[PDB]
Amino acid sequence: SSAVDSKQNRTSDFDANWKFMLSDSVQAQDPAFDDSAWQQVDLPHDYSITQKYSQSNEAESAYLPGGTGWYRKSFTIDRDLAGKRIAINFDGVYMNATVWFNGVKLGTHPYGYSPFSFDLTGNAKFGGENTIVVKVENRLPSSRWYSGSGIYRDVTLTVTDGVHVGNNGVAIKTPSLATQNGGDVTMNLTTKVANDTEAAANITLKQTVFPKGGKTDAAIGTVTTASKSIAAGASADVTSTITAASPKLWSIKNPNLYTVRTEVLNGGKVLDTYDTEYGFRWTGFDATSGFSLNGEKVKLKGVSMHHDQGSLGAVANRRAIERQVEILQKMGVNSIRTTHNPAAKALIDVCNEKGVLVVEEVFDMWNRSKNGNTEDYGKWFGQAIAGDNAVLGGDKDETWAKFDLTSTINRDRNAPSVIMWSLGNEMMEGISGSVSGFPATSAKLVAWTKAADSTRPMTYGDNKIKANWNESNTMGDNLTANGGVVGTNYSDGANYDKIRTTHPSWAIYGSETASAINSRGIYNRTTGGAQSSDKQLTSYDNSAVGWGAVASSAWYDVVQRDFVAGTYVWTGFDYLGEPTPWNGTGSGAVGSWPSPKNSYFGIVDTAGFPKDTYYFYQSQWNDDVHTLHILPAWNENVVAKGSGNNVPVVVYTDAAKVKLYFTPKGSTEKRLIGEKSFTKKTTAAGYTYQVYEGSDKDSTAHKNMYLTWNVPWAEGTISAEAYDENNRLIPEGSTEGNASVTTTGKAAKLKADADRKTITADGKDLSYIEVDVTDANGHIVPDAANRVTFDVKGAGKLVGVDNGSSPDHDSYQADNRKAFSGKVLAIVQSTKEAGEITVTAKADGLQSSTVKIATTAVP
């Protein structure tokens, strides 16, 4: 049905018009197979997210099954592509993929998170029908979190001349950028050029550096290489040097991007044009003062993020990924750790574009499986690639670990947002057997990485450093000896200091921190940290796992110490699976079924709705915004009254002074409860933070990074006024967060809002419709759980509904879902023809709400 011709881009979108079927028995690799009855889907696609929860599955992977899925796509290849090279590129398939083309088996790929490709040229039927087939075998159990199943990332097709730049074939280095910044910058490039024709070729390269999206006349540097002869069927590595004239640096505030264009010439005619995205920047990790970007000290205010996208499952939709980054940026995040596996390229694209530093992790476990997951990557880590396996992307001369590592580095080596390669996470946690071989495995991975990309330091997240394991010491030394950075998981202040004293050569950071566990909007108790009867957790920041720490504690220990370059809070968003403290590593329901099925670690829930601690972090991290946030909500049936009718009231703010007022119900006269002022601390490197040092300060130091009042319960409004350092009042309404909580009536109406009122009509783009359950005056009912039904009309489709509630087993693909803590989310996707999307949210006894979304055709 689809068509491939000579007028398409060198690399083109191949997502459309696939056939899919779930089956553990069918054998559909033959072109003549009858798939006319199969379901038609556009990639990316997750076939785990549509199946039912089952008690016989595992809690850590969200009780959802995997299974064997088949993808088939029939397409014509035009006559005029004969003599051209064709390859198919997968950015990710989870997992155990097998690829046939026209009935011929090309190879396999085990790992579910690394990119790979296959050459199709040798089996292509030029001027005829062709059939690509992908078998996906996600056998449970393979994951400590929800993985999803299928082709959950973009697929592309690459068509080139016989002489062409190789796949991911250009490497860029600027080794003297730190001292050349502002003048001429030396660029050293290495380009892989393949000659896949029957004749020798004498090729030259013309390479040009110019602003992304601009014209070549705005170039700041160019080189043409001397002619190099490349025999038929051979390849050459062509080195070149470009002097770039005062390039604009890439930074968090100004992520300036450039296109580095390579043209392959033979006989004066351009045979192939290959572009790579680039940014000029350098980093540094100092053992005493931490991280710097472009010579400026910067604190790594980071979060860990799993790959899935909430109700969409594992599908790496670009808008969903971008919305995650946007919400994190508003919190003050400047860095993401891709725990614990390579990101989708789309995430790398967004971070390049938006100015977010990426610590890209490649592996969770190494050669030993975790948590009884007999099908995880540890089964493949140390195995070799079969001689008849034509899979492409990385080095094939050793093990899958080396393949998937180098394949990820090859894809992202030029991305300015990527600052570190993380080689593993808690590699010796949750396993069986001796750990004595792990230093040598670590040193092996370090050697591969240094040879694959010398420009970035490598790292990992080790939680055994705080246990002072001999192996962790040996591995941290080898990291340091190779220019790497040591990441410690779940250290506290005392252990940070112990590392600094015991291993003074190490540059360290908190690779995984906090792991606080909270639900959104739960206030009838201030305690947590363990299973409850209502399958939810308090929203107060008094709840964390036994090996973790509350948010204020894990940040207080980091912000004080300049030698702790930063933190990667677990996690920025909730993710499916690992529903700790209702977690389960084997099969069976945890607690009363239906059991919690997604995480509680997230600062933001799966639907993108922030929890209260979001604004604590925002008060600590976001220097472009003022925060003023109050918890709890002020309804009697949701507050936690200690005897005396006192409710603990917490204020998250970056202001210098806060005055707390109470206005009795229907009074319009506010009465002052009291004021508190923060003390400004300044570290040796120049970082600043605020702590409360009043006479009534909390006995626990880190809890003084915010403000607490005891307020007797009474119907009305709790409001707050913020003042800056000069005592000028911070204007009301200009702060982020709830500066006032009011006793609400019962639910009366719905309030729907599309985050983007116009989206692209490409069948991919999304609009997120946040719906609130409010009373007659528009106040969100804090505990409302009304079932909301979504009617979607026009040039769009409902693709997900969500509320973030872990024990809610209602289908993500239904048109209805209960609200949780007053909110529910609908996700609509455009079609491929412009028009209008009409979405109506309704519920029994409530006033409906309607949003309209325009969709614009692709230019």
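We number the residues from 1 along the sequence you see.
The mean C-alpha temperature factor is higher for 654-662 when 277-285 and 654-662 are set side by side. The mean Cα B-factor in the deposited entry runs higher for 634-642 than for the other of 566-574 and 634-642. The top Cα temperature factor in the record, among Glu426, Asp765, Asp154, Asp753, falls on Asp753. Between the residues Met705, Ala452, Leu347, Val99, the entry's highest C-alpha temperature factor is the one at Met705.
The entry lists a Cα temperature factor for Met475 that places it in the middle third of the chain's modelled residues. The deposited CA B-factor of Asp42 belongs to the middle third of values across its chain. Sort the modelled residues of the chain by CA B factor and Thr744 lands in the highest third. When the modelled residues of the chain are ordered by their C-alpha B factor, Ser519 lands in the middle third.
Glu398: CA B factor lies in the lowest third for its chain, per the PDB record.
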